[PDB]
Amino acid sequence: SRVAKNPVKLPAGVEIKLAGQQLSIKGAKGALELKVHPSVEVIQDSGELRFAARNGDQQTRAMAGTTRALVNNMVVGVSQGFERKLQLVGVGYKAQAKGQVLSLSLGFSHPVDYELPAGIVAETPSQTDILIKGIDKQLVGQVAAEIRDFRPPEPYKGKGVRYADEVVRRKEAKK
Amino acid sequence: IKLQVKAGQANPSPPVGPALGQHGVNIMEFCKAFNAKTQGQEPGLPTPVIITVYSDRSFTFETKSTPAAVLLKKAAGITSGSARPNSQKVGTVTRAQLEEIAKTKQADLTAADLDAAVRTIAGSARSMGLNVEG
Amino acid sequence: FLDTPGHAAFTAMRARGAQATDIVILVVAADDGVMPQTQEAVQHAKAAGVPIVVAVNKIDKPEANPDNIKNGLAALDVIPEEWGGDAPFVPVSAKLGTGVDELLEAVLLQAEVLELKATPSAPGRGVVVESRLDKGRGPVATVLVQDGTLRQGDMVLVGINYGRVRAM
Amino acid sequence: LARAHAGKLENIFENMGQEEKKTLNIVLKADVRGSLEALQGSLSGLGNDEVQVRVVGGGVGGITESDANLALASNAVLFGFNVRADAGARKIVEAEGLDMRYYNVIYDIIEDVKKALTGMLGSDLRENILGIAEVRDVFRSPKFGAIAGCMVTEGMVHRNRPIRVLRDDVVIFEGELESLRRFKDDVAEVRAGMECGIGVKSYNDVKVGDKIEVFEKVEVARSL
Amino acid sequence: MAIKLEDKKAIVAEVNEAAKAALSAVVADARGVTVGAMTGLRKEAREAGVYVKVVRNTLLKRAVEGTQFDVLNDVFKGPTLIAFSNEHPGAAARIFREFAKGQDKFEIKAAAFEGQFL
Amino acid sequence: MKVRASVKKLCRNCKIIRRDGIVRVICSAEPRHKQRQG
Amino acid sequence: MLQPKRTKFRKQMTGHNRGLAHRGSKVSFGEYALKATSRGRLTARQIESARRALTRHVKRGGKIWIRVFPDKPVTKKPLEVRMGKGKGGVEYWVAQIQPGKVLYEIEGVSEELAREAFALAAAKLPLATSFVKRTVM
RNA sequence: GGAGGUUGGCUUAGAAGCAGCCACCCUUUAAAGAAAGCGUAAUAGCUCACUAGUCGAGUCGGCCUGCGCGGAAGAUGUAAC
RNA sequence: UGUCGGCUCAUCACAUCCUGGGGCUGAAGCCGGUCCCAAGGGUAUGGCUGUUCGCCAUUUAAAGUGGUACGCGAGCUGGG
Ligand SMILES: *C(=O)[C@H](CCSC)NC=O
Ligand SMILES: [Mg+2]
Ligand SMILES: [Mg+2]
Ligand SMILES: [Mg+2]
Ligand SMILES: [Mg+2]
Ligand SMILES: [Mg+2]
Ligand SMILES: [Mg+2]
Ligand SMILES: [Mg+2]
Ligand SMILES: [Mg+2]
Ligand SMILES: [Mg+2]
Ligand SMILES: [Mg+2]
Ligand SMILES: [Mg+2]
Ligand SMILES: [Mg+2]
Ligand SMILES: [Mg+2]
Ligand SMILES: [Mg+2]
Ligand SMILES: [Mg+2]
Ligand SMILES: [Mg+2]
Ligand SMILES: [Mg+2]
Ligand SMILES: [Mg+2]
Ligand SMILES: [Mg+2]
Ligand SMILES: [Mg+2]
Ligand SMILES: [Mg+2]
Ligand SMILES: [Mg+2]
Ligand SMILES: [Mg+2]
Ligand SMILES: [Mg+2]
Ligand SMILES: [Mg+2]
Ligand SMILES: [Mg+2]
Ligand SMILES: [Mg+2]
Ligand SMILES: [Mg+2]
Ligand SMILES: [Mg+2]
Ligand SMILES: [Mg+2]
Ligand SMILES: [Mg+2]
Ligand SMILES: [Mg+2]
Ligand SMILES: [Mg+2]
Ligand SMILES: [Mg+2]
Ligand SMILES: [Mg+2]
Ligand SMILES: [Mg+2]
Ligand SMILES: [Zn+2]
């Protein structure tokens, strides 16, 4: 249980609340993150944060390290931020953010308009780059995956929306 | 940029083309390199050239050692290497011929002594389909 | 004006267009870039020893970007009027009619050849552009006069056929 | 005449070197000389190593009686690109079964010539097995000399299929099955595990232990 | 890879035989400019040629067991740039100072001109 | 996706995973190495 | 395939297959062996199939022994034949296998090459097998 | 960090590690493949392999064995306690 | 306990022929091959022959494979 044993090492400006099995983290530049704990973890509080198990079961050992990682994401998510870079490849492919609506042109008859949910915000520095700014990983990653699923990449020419940290296989037509 | 000029391109610019793949600059100003450098080894040696765009258009020519492909082709036989190396000899080479260009190519080669320096060209001539003998 | 087909089965025909043109207009689409047939066309033009003026077409499309064409054509040794300056480039829109007047200005500006025709009073001399057989009036030959003047009722010798012109 | 003779000499030398080729002969008419030369040049790279296409008669203008009965004398296909046949050529085409196609784009002609070329090759005569029988005991019949009383060991045996008799793994006879019997029944098929009587008129050389093999040939053809 | 059968033993024996060289030794930590600058410092092999080498810090303590340059045990932490001279004590300290003048890497750990704790 | 009674690794980058009661092979390099069941 | 050159009698009773193989359970010639751990019988087509699948994998030296011989003839009644009317004719030859019998042996190869090659042979046999090494006692 | 001969030779408008074929050496090193992948029209430019540093105590695999998991598709209606 | 085929009328299974959803491809596109999920609805007319079947002609998105006393004569027929 290497992950569970490791303390969280929270930064300077972070407010911690602990109502037993209910936890909430307050941070500057984005706040209001909270989650509930399963009944088999003890969170001792100090200048740091550390996680321990209650039972000696297999599932308790596995879930002790999951609760540590979830809290670490919350702590970073309020102090720092989470962003996931996307880029478009192809001809005529362009994106444009107009408030809370992100319009994409991905080679269909109609242009797709995607409604960014509350919380995260997207911004387009250029016509072929999308940023998904947010404070939690699950909502940022889920939205970036929904947008990417409109026109996923092709092997023969590589066209389509792709993760900026993604490797795309390529092939050629025979002969 | 690491283009390889060929004995002069002041007037002609078929292979010079210092505008495609790099920020296009003055061609008339840059093409005068063939005059100041004046090649050095006949009007046949293709020499390496390195230029910098600098701030806006400030040209700067460095000129490196001649490539070790024309010396191994235009000085010891046919100027074209064999299609299949190490399978059909292109032309015999003596140890003195390699040592003739070894001192001229004093740039880099990371050689502490001339004993090791010859071994660098030996692997180069083998890849060309030539035959090297001591 | 001579209009030639663009497919690869008509290369000989394209050659026949090169030996009579005195100027080549190379049309290349801005989106599609340089393709095999435009390379073959510039090969024909070089073999003919003739000046080349291009017209980067379909510029009205949002894609456009008539810049990679410059590099591609420079690779085949067709220097733009900029850079060094051998042949003039010009963007046109064909079906919007933007830049067509400038293209015409560029092509008629090629008076550096001086286009001297010798006398128009010489005996006619020309080349056959095409030929066909008509069921009502026999062999019909579409010929481009090169110099001299061709008049009705004149003895003509073309290829191995000869004869005199009933009609023109 | 000189070019025709030189081409004949070269073609005869090459053909005698290789073997023979299957030709597809066409009579081609067009409206303009440029179209005719383009078609002739483009219909030369369509052949293969075993089939080829030949233009036996060209020309410019409508389809006439002369080229109609020139195609009649060469089993040729009569192609007219942007031209029409007159009344007499139409009479001739109706009288016999000559096939005449009209066109206005050269690529339709190319596609049709390719489709016609693809219909002149029918190999892949490899065999696939159906059953094997093993001979044990010998009988005689008035019409068929030697009757092999045998047992089918694998697969199936059908009354009229090509056969292959082999003893000690070497073939001796490659005819077909003529008489198949179950006692006195004249059955058409026997499955493995069943005993039967085999009779072939030309086999005539039967001995216990000889293997009899039954197969079929399926033609998957080739392509260009 | 780097096994303990002979990769640790051979490097220790070679370094021990190299510990009997000139007393002065130069140590630094090159986590900066590319190998070209490292090969630039290797150009001294033609002119000066003191040691131009860097070895594992773990095996550095095991080596130099002859009590000739024992002061380097307490200074070889993290990266090391052991550059023990052969003759003319100095040189390595002076050359690297000029090398560090024209660059931004190189930390210079200590020296070994006779018994001297940095 | 290849469905067989006997699934197993086909190269160095294959992984054996159990997902909701089914043994699967997922490859990060070659998409033909995907397998199900077994 | 494998079968006796001649036999005293053409047919045999089915019999029973009981007991363990106390005789033929040692590595007597080679260094490694394939040993049967379940009882069944090999039909002289599985023996030849497993031999070719075994010698092919080695293809460079090595000596190979076969310790099983099919000497029991079995009959089969043809299709569409009633019960009785005499015993059927001999179709193939089989060998009785009891648990603990050594089937194949090999020497002159590495342990890993023999272990790979006996795996290929065991996939052609209708019974459980195992890999063993030669010991003094 | 991930380099120099070096755009290896041929081919190609142009093939510069990375269209295709042949070969696949040397050099200073701790380490770097005539290169496994992405990208360039060809360059350029982000990776990997490999090596050095930090970390700080376990890690890898086989054998025997109890109970379980897939392999497991049918006809009037659950319908194989 | 009336045995083939035809007519009329059906009902179920899924080991799916079409339509629907997917993975791989030696998948450029248009078409394909193979495997997984899926039983809601659909799923020819004739010439020959007593034929089921089969072979032909011309269609269709497709002309599925099987169980039901090889479904169905106290529902018809009677060519075998
Ligand atoms: C003929 O009677 C045949 C012989 C089998 S082998 C003696 N049996 C059945 O048709
Ligand atoms: Mg197009
Ligand atoms: Mg699920
Ligand atoms: Mg019995
Ligand atoms: Mg006994
Ligand atoms: Mg177990
Ligand atoms: Mg089970
Ligand atoms: Mg059931
Ligand atoms: Mg049911
Ligand atoms: Mg009744
Ligand atoms: Mg009905
Ligand atoms: Mg039911
Ligand atoms: Mg199903
Ligand atoms: Mg199936
Ligand atoms: Mg289906
Ligand atoms: Mg379907
Ligand atoms: Mg599919
Ligand atoms: Mg259905
Ligand atoms: Mg249905
Ligand atoms: Mg239903
Ligand atoms: Mg249902
Ligand atoms: Mg419904
Ligand atoms: Mg009908
Ligand atoms: Mg019918
Ligand atoms: Mg009838
Ligand atoms: Mg039914
Ligand atoms: Mg039933
Ligand atoms: Mg039935
Ligand atoms: Mg019935
Ligand atoms: Mg039925
Ligand atoms: Mg009735
Ligand atoms: Mg009835
Ligand atoms: Mg009645
Ligand atoms: Mg009744
Ligand atoms: Mg009644
Ligand atoms: Mg009757
Ligand atoms: Mg009657
Ligand atoms: Zn894999």
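Just so you know, these numbers use all the heavy atoms, side chains as well, and skip hydrogens, waters and symmetry mates. The sequence lines fix the lettering, A, B, ..., with proteins before strands; numbering per chain opens at 1.
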So do H/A57 and H/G58 actually stack on each other, going by six-membered ring centres closer than 5.5 Å and planes off by less than 30°?
-> no

May I ask you to verify if any side-chain N or O of F/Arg36 is less than 4.0 angstrom from the OP1 or OP2 atom of I/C35?
-> no

Distance between the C1' atoms of H/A34 and H/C10, in whole angstroms?
-> 15 Å

Walking RNA chain I from its 5' end, the first of F/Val3 and A/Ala173 to be reached, judged by nearest nucleotide, is A/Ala173

Separation of C/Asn68 atom CG from H/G14 atom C1', in whole Å?
-> 13 Å

Do any side-chain nitrogens or oxygens of A/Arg169 fall under 4.0 Å of OP1 or OP2 in I/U25?
-> yes

Any donor-acceptor pair under 3.5 Å joining the side chain of A/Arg2 to the base of H/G58?
-> no

For I/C24, which nucleotide in any strand shown is its Watson-Crick or wobble partner with both distances under 3.5 Å?
-> I/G33

Do the six-ring planes of H/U40 and H/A41 sit under 30° apart with centres under 5.5 Å?
-> no

Please work out if the bases of strand neighbours H/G33 and H/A32 stack, meaning their six-membered ring centres are under 5.5 Å apart and their ring planes differ by under 30°?
-> no

Taking centres under 5.5 Å and planes under 30° as the test, is I/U16 stacked with I/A15?
-> no

Would you mind checking if G/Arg115 and G/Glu112 are paired as a salt bridge, meaning a charged N to carboxylate O distance below 4.0 Å?
-> no

Measure across A/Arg151 and A/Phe108 and return the closest heavy-atom pair with its distance rounded to 0.1 Å.
-> NH2-CE2, 3.1 Å

Interatomic distance, C/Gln39 CD vs H/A41 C1' [rounded to whole Å] = 12 Å

Could you give the CZ-to-P distance, from F/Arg4 to I/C36, as a whole number of Å?
-> 13 Å

Check whether any side-chain heavy atom of F/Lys15 sits under 4.5 Å from a side-chain heavy atom of F/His33, and report yes or no.
-> no

Between H/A75 and H/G68, how far is it from one P atom to the other, in whole Å?
-> 28 Å

For nucleotides H/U54 and H/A32, find the distance between their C1' atoms and express it as a whole number of Å.
-> 22 Å

Taking atom P in both I/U52 and I/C17, what distance in whole Å separates the two?
-> 25 Å

Looking at side-chain heavy atoms only, is the closest gap between A/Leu106 and A/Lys159 below 4.5 Å?
-> no

Mark yes or no for a side-chain to base donor-acceptor pair under 3.5 Å between A/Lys171 and I/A27, with no hydrogen or angle criteria applied.
-> yes

Starting at CD1 of F/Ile26 and ending at P of I/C24, how long is that distance when rounded to a whole Å?
-> 14 Å

Do me a favour and sort the pucker of H/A23 into north or south by its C1'-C2'-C3'-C4' torsion.
-> north

Six-ring stack, H/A36 vs H/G37, 5.5 Å / 30 deg cutoffs = yes

May I have the distance from F/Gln37 (atom CD) to H/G71 (atom P), rounded to whole angstrom?
-> 5 Å

Are any non-hydrogen side-chain atoms of A/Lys85 and A/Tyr163 less than 4.5 angstrom apart?
-> no

Which nucleotide, H/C26, H/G71, I/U25, lies nearest any side-chain atom of F/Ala5?
-> H/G71

How do A/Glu154 and F/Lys34 order along RNA chain I: which one's closest nucleotide is nearer the 5' end?
-> F/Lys34

